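K.L.:
Mind looking over this structure? Questions follow.
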Amino acid sequence: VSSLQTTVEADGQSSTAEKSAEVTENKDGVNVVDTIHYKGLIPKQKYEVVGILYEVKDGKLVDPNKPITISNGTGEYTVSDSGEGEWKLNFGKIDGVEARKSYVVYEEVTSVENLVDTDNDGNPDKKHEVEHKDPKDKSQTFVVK
Ligand SMILES: [Mg+2]
């Protein structure tokens, strides 16, 4: 049993569940970072992260097949001893973040090792996969002025 909660930071402005960060169009691009608060991951195991930034309007993806940007971060993430903790994914300074529009971060977390036995043969045969893909999550959304 596992989950991710995520917090987007756009040009130093952090979103919350209550209130999305507001930024001005940057021209040099908007710096986008996502904090991944993970729960119930397998302790001490290595995972890979794919973060995806989408344009969003009224809690629906505008163009779900055309992400603004995709980040793989450092390429490997280590779970805490408790299975709960935080990782930070940098997207970098992102072009195509436009005035009057909102953007939401989606996250996919996948174990490096097979950790899930799906057929009860006693051997893990599947990677552990956890995601947070919520287009209504203010915590993952920022607004451009
Ligand atoms: Mg198996």
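Residue numbering restarts at 1 for every chain of the structure tokens, chains are lettered A, B, ... in their displayed order, and ligands are numbered from 1 as they appear.
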Tell me which protein, DNA and RNA residues are within 12 Å of residue A:47, counting only C-alpha atoms, leaving out same-chain ones fewer than 4 positions away, and put them as a PyMOL selection string.
P.N.:
chain A and resi 38+41-43+72-80+83+87+108-115+127-130
K.L.:
Restrict the selected residues to N, CA and C atoms and save them as a tab-separated table (two decimals), in the first residue's frame.
P.N.:
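Output contents, as saved in out.tsv:
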```tsv
chain	number	residue	atom	x	y	z
A	38	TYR	N	6.70	10.60	-0.48
A	38	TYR	CA	6.32	9.20	-0.75
A	38	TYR	C	5.95	8.52	0.57
A	41	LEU	N	6.69	3.09	0.31
A	41	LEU	CA	7.66	2.52	-0.65
A	41	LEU	C	8.51	1.50	0.10
A	42	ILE	N	9.22	0.65	-0.62
A	42	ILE	CA	9.97	-0.47	0.01
A	42	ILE	C	11.27	0.09	0.56
A	43	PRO	N	11.48	0.01	1.90
A	43	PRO	CA	12.64	0.64	2.50
A	43	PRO	C	13.97	0.24	1.84
A	72	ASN	N	13.61	13.14	-15.59
A	72	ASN	CA	13.96	11.85	-14.96
A	72	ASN	C	14.79	12.11	-13.69
A	73	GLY	N	15.03	13.38	-13.34
A	73	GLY	CA	15.82	13.77	-12.16
A	73	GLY	C	17.22	13.21	-12.19
A	74	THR	N	17.69	12.70	-11.04
A	74	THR	CA	19.08	12.19	-10.85
A	74	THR	C	19.20	10.77	-11.40
A	75	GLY	N	18.07	10.17	-11.79
A	75	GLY	CA	18.04	8.84	-12.40
A	75	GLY	C	17.92	7.72	-11.37
A	76	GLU	N	18.16	7.99	-10.08
A	76	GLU	CA	17.96	6.97	-9.02
A	76	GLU	C	17.69	7.62	-7.65
A	77	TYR	N	16.69	7.10	-6.95
A	77	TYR	CA	16.13	7.64	-5.69
A	77	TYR	C	16.10	6.52	-4.66
A	78	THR	N	16.42	6.82	-3.41
A	78	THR	CA	16.59	5.79	-2.36
A	78	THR	C	15.51	5.99	-1.30
A	79	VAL	N	14.78	4.94	-1.01
A	79	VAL	CA	13.69	4.99	-0.01
A	79	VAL	C	14.31	5.00	1.39
A	80	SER	N	13.76	5.83	2.26
A	80	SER	CA	14.08	5.88	3.70
A	80	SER	C	13.88	4.51	4.36
A	83	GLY	N	10.06	3.87	4.78
A	83	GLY	CA	9.23	3.79	3.56
A	83	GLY	C	8.49	5.08	3.28
A	87	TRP	N	11.72	13.24	-1.78
A	87	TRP	CA	12.71	13.44	-2.85
A	87	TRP	C	12.36	14.75	-3.55
A	108	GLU	N	5.48	9.66	-11.74
A	108	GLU	CA	5.50	8.18	-11.80
A	108	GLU	C	6.78	7.71	-11.12
A	109	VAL	N	6.65	6.83	-10.14
A	109	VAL	CA	7.78	6.25	-9.37
A	109	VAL	C	7.78	4.75	-9.62
A	110	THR	N	8.91	4.20	-10.02
A	110	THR	CA	9.04	2.78	-10.42
A	110	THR	C	10.29	2.20	-9.76
A	111	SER	N	10.17	1.09	-9.04
A	111	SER	CA	11.35	0.45	-8.40
A	111	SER	C	12.32	0.00	-9.49
A	112	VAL	N	13.61	0.04	-9.19
A	112	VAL	CA	14.66	-0.50	-10.11
A	112	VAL	C	14.55	-2.02	-10.15
A	113	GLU	N	14.30	-2.65	-9.01
A	113	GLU	CA	14.26	-4.13	-8.86
A	113	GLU	C	12.81	-4.61	-8.94
A	114	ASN	N	12.61	-5.84	-9.39
A	114	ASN	CA	11.31	-6.51	-9.20
A	114	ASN	C	11.07	-6.63	-7.69
A	115	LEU	N	9.93	-6.14	-7.22
A	115	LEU	CA	9.63	-6.16	-5.77
A	115	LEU	C	8.26	-6.79	-5.49
A	127	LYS	N	8.02	-4.67	-11.11
A	127	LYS	CA	8.49	-3.46	-10.40
A	127	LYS	C	7.33	-2.92	-9.55
A	128	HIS	N	7.67	-2.32	-8.42
A	128	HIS	CA	6.71	-1.53	-7.62
A	128	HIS	C	6.47	-0.21	-8.34
A	129	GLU	N	5.22	0.09	-8.68
A	129	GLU	CA	4.84	1.31	-9.42
A	129	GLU	C	3.86	2.11	-8.57
A	130	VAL	N	4.16	3.40	-8.39
A	130	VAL	CA	3.29	4.35	-7.64
A	130	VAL	C	3.26	5.64	-8.44
```
K.L.:
Once you count only C-alpha atoms and all ligand atoms, which residues end up within 9 Å of ligand 1, and could you hand them over as JSON, numbers by chain?
P.N.:
{"A": [116, 117, 118, 119, 120, 121, 122, 123, 124, 125, 126]}
K.L.:
The selected residues should be written to file as an mmCIF file, in the first residue's frame (atoms: N, CA and C atoms).
P.N.:
```
data_model
loop_
_atom_site.group_PDB
_atom_site.id
_atom_site.type_symbol
_atom_site.label_atom_id
_atom_site.label_comp_id
_atom_site.auth_asym_id
_atom_site.auth_seq_id
_atom_site.Cartn_x
_atom_site.Cartn_y
_atom_site.Cartn_z
ATOM 1 N N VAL A 116 7.471 -7.051 -6.536
ATOM 2 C CA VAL A 116 6.057 -7.490 -6.406
ATOM 3 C C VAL A 116 5.927 -8.865 -7.047
ATOM 4 N N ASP A 117 5.458 -9.830 -6.265
ATOM 5 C CA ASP A 117 5.138 -11.198 -6.723
ATOM 6 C C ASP A 117 3.666 -11.180 -7.128
ATOM 7 N N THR A 118 3.370 -11.310 -8.421
ATOM 8 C CA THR A 118 1.984 -11.190 -8.947
ATOM 9 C C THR A 118 1.345 -12.568 -9.140
ATOM 10 N N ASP A 119 2.124 -13.649 -9.093
ATOM 11 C CA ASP A 119 1.631 -15.005 -9.450
ATOM 12 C C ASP A 119 1.889 -16.003 -8.320
ATOM 13 N N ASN A 120 2.340 -15.513 -7.161
ATOM 14 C CA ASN A 120 2.546 -16.311 -5.929
ATOM 15 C C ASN A 120 3.542 -17.457 -6.144
ATOM 16 N N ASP A 121 4.524 -17.325 -7.043
ATOM 17 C CA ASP A 121 5.585 -18.358 -7.176
ATOM 18 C C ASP A 121 6.688 -18.124 -6.135
ATOM 19 N N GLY A 122 6.596 -17.059 -5.337
ATOM 20 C CA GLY A 122 7.571 -16.766 -4.269
ATOM 21 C C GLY A 122 8.700 -15.873 -4.747
ATOM 22 N N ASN A 123 8.679 -15.464 -6.017
ATOM 23 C CA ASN A 123 9.735 -14.610 -6.619
ATOM 24 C C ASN A 123 9.085 -13.319 -7.091
ATOM 25 N N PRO A 124 9.650 -12.140 -6.773
ATOM 26 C CA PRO A 124 9.100 -10.901 -7.306
ATOM 27 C C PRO A 124 9.286 -10.912 -8.826
ATOM 28 N N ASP A 125 8.262 -10.469 -9.543
ATOM 29 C CA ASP A 125 8.241 -10.512 -11.026
ATOM 30 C C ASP A 125 7.854 -9.154 -11.613
ATOM 31 N N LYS A 126 7.470 -8.188 -10.779
ATOM 32 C CA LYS A 126 6.980 -6.874 -11.244
ATOM 33 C C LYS A 126 7.704 -5.782 -10.455
#
```
K.L.:
Set out as a tab-separated table a contact list for stretch 67-93 of chain A and stretch 99-106 of chain A with a cut-off of 12 Å, giving each residue of stretch 67-93 of chain A that qualifies its closest atom pair and distance in Å to one decimal, counting only C-alpha atoms, ordered by chain and rising residue number.
P.N.:
```
residue	atom	partner	partner_atom	distance
A:67	CA	A:105	CA	9.8
A:68	CA	A:103	CA	8.6
A:69	CA	A:105	CA	9.7
A:70	CA	A:106	CA	9.5
A:71	CA	A:105	CA	10.5
A:89	CA	A:105	CA	10.6
A:90	CA	A:105	CA	11.4
A:91	CA	A:105	CA	10.0
```
K.L.:
Go ahead and write the selection's residues with C-alpha atoms as a PDB file, in the first residue's frame.
P.N.:
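See again_24.pdb below for the written result:
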```
ATOM      1  CA  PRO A  67       3.601  17.474 -22.079  1.00  0.00           C
ATOM      2  CA  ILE A  68       5.393  20.850 -21.611  1.00  0.00           C
ATOM      3  CA  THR A  69       8.451  18.940 -20.241  1.00  0.00           C
ATOM      4  CA  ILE A  70       9.537  15.516 -18.833  1.00  0.00           C
ATOM      5  CA  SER A  71      12.256  15.090 -16.146  1.00  0.00           C
ATOM      6  CA  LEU A  89      12.825  16.471  -8.747  1.00  0.00           C
ATOM      7  CA  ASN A  90      14.241  19.441 -10.741  1.00  0.00           C
ATOM      8  CA  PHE A  91      12.639  20.074 -14.183  1.00  0.00           C
TER       9      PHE A  91
END
```
K.L.:
With only C-alpha atoms as the counted atoms, please give the residues lying no more than 10 Å from stretch 16-31 of chain A, apart from itself and same-chain residues fewer than 5 positions off, as JSON, numbers by chain.
P.N.:
{"A": [5, 6, 7, 8, 9, 10, 11, 90, 91, 92, 93, 94, 95, 96, 97, 98, 99, 100, 101, 102, 103, 104, 136, 137, 138, 139, 140, 141, 142, 143, 144, 145]}
K.L.:
Let's have the selection written as a CSV table (one decimal), in the first residue's frame, with N, CA, C and O atoms.
P.N.:
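To be explicit, this is the file written out as out_36.csv:
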```csv
chain,number,residue,atom,x,y,z
A,5,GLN,N,2.4,12.2,-2.5
A,5,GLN,CA,1.8,13.6,-2.5
A,5,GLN,C,3.0,14.5,-3.0
A,5,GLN,O,4.1,14.2,-2.8
A,6,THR,N,2.6,15.5,-3.7
A,6,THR,CA,3.6,16.3,-4.5
A,6,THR,C,3.3,17.8,-4.2
A,6,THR,O,2.2,18.2,-4.1
A,7,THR,N,4.4,18.6,-4.2
A,7,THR,CA,4.4,20.1,-4.1
A,7,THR,C,5.3,20.7,-5.1
A,7,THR,O,6.5,20.5,-5.1
A,8,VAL,N,4.7,21.4,-6.1
A,8,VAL,CA,5.4,22.1,-7.1
A,8,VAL,C,5.9,23.5,-6.6
A,8,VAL,O,5.1,24.1,-5.8
A,9,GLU,N,7.1,23.9,-7.0
A,9,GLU,CA,7.7,25.2,-6.7
A,9,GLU,C,8.1,25.8,-8.1
A,9,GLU,O,8.8,25.1,-8.8
A,10,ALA,N,7.5,26.9,-8.4
A,10,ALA,CA,7.7,27.7,-9.7
A,10,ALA,C,8.4,29.0,-9.3
A,10,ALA,O,7.8,29.8,-8.6
A,11,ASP,N,9.6,29.2,-9.9
A,11,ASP,CA,10.5,30.4,-9.6
A,11,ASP,C,10.4,30.7,-8.1
A,11,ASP,O,10.1,31.9,-7.7
A,90,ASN,N,14.1,18.2,-10.0
A,90,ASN,CA,14.2,19.4,-10.7
A,90,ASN,C,13.8,19.2,-12.2
A,90,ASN,O,14.2,18.2,-12.8
A,91,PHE,N,13.0,20.0,-12.7
A,91,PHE,CA,12.6,20.1,-14.2
A,91,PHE,C,13.6,21.0,-14.9
A,91,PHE,O,13.7,20.9,-16.1
A,92,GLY,N,14.2,22.0,-14.2
A,92,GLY,CA,15.0,23.0,-14.8
A,92,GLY,C,14.2,24.2,-15.1
A,92,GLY,O,13.1,24.4,-14.6
A,93,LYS,N,14.8,25.1,-16.0
A,93,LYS,CA,14.1,26.4,-16.4
A,93,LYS,C,13.3,26.1,-17.6
A,93,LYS,O,14.0,25.9,-18.7
A,94,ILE,N,12.0,26.1,-17.5
A,94,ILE,CA,11.1,25.6,-18.6
A,94,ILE,C,10.6,26.7,-19.5
A,94,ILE,O,10.0,27.7,-18.9
A,95,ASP,N,10.7,26.5,-20.8
A,95,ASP,CA,10.1,27.4,-21.8
A,95,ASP,C,8.7,27.0,-22.1
A,95,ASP,O,8.3,25.9,-21.7
A,96,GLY,N,7.9,27.8,-22.7
A,96,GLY,CA,6.5,27.5,-23.1
A,96,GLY,C,5.5,27.5,-21.9
A,96,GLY,O,4.4,27.0,-22.1
A,97,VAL,N,5.9,28.2,-20.8
A,97,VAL,CA,5.1,28.4,-19.6
A,97,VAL,C,4.5,29.8,-19.8
A,97,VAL,O,5.2,30.8,-19.6
A,98,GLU,N,3.2,29.9,-20.2
A,98,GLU,CA,2.7,31.2,-20.8
A,98,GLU,C,1.7,31.9,-19.9
A,98,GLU,O,1.0,31.2,-19.1
A,99,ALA,N,1.6,33.2,-19.9
A,99,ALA,CA,0.7,34.1,-19.2
A,99,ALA,C,-0.7,33.5,-19.4
A,99,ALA,O,-1.1,33.1,-20.5
A,100,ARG,N,-1.5,33.6,-18.3
A,100,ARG,CA,-3.0,33.3,-18.3
A,100,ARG,C,-3.3,31.8,-18.2
A,100,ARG,O,-4.4,31.4,-18.3
A,101,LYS,N,-2.2,31.0,-18.1
A,101,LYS,CA,-2.4,29.5,-18.2
A,101,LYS,C,-1.8,28.9,-16.9
A,101,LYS,O,-1.0,29.5,-16.2
A,102,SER,N,-2.3,27.7,-16.6
A,102,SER,CA,-1.9,26.9,-15.4
A,102,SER,C,-1.2,25.6,-15.8
A,102,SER,O,-1.5,25.1,-16.9
A,103,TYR,N,-0.4,25.1,-15.0
A,103,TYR,CA,0.5,23.9,-15.3
A,103,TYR,C,0.5,23.0,-14.1
A,103,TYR,O,0.6,23.5,-12.9
A,104,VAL,N,0.4,21.7,-14.3
A,104,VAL,CA,0.3,20.7,-13.2
A,104,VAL,C,1.4,19.6,-13.4
A,104,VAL,O,1.6,19.2,-14.6
A,136,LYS,N,-6.5,18.1,-10.6
A,136,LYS,CA,-7.2,19.1,-9.8
A,136,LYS,C,-6.3,19.4,-8.5
A,136,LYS,O,-6.8,20.2,-7.7
A,137,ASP,N,-5.1,18.9,-8.4
A,137,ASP,CA,-4.3,19.0,-7.2
A,137,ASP,C,-3.6,20.4,-7.2
A,137,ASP,O,-2.7,20.6,-8.0
A,138,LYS,N,-4.1,21.4,-6.4
A,138,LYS,CA,-3.5,22.7,-6.3
A,138,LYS,C,-2.1,22.6,-5.9
A,138,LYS,O,-1.3,23.5,-6.3
A,139,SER,N,-1.7,21.6,-5.2
A,139,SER,CA,-0.3,21.4,-4.6
A,139,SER,C,0.6,21.2,-5.7
A,139,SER,O,1.8,21.6,-5.6
A,140,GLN,N,0.2,20.6,-6.8
A,140,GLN,CA,1.0,20.2,-8.0
A,140,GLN,C,0.8,21.2,-9.1
A,140,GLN,O,1.5,21.0,-10.2
A,141,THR,N,0.0,22.3,-8.9
A,141,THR,CA,-0.4,23.2,-10.0
A,141,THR,C,0.2,24.6,-9.7
A,141,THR,O,0.2,25.0,-8.5
A,142,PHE,N,0.7,25.3,-10.7
A,142,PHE,CA,1.1,26.7,-10.6
A,142,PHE,C,0.4,27.5,-11.7
A,142,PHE,O,0.0,26.9,-12.8
A,143,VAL,N,0.1,28.8,-11.5
A,143,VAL,CA,-0.6,29.7,-12.4
A,143,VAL,C,0.4,30.8,-12.8
A,143,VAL,O,1.2,31.3,-12.0
A,144,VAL,N,0.4,31.1,-14.1
A,144,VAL,CA,1.2,32.1,-14.7
A,144,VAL,C,0.4,33.4,-14.9
A,144,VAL,O,-0.8,33.3,-15.4
A,145,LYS,N,0.9,34.6,-14.5
A,145,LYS,CA,0.2,35.9,-14.7
A,145,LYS,C,0.7,36.5,-16.0
A,145,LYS,O,1.9,36.5,-16.2
```
K.L.:
So that I can check the secondary structure, give me every residue of chain A assigned strand (DSSP E) by backbone DSSP, as a PyMOL selection string.
P.N.:
chain A and resi 3-10+13-14+21-23+30-39+46-57+60-61+69-71+77-78+85-94+102-116+126-132+141-144
K.L.:
Identify which of the residues A:50, A:56, A:36, A:61 lies closest to residue A:4, counting only C-alpha atoms when measuring atom-to-atom distances.
P.N.:
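Closest candidate: A:36.
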K.L.:
Separation of atom CA of residue A:12 and atom CA of residue A:46, in Å?
P.N.:
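Rounded to one decimal, the two atoms are 28.2 Å apart.
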K.L.:
Would you compute the distance between atom CA of residue A:65 and atom CA of residue A:37? Give it in Å to one decimal.
P.N.:
25.7 Å
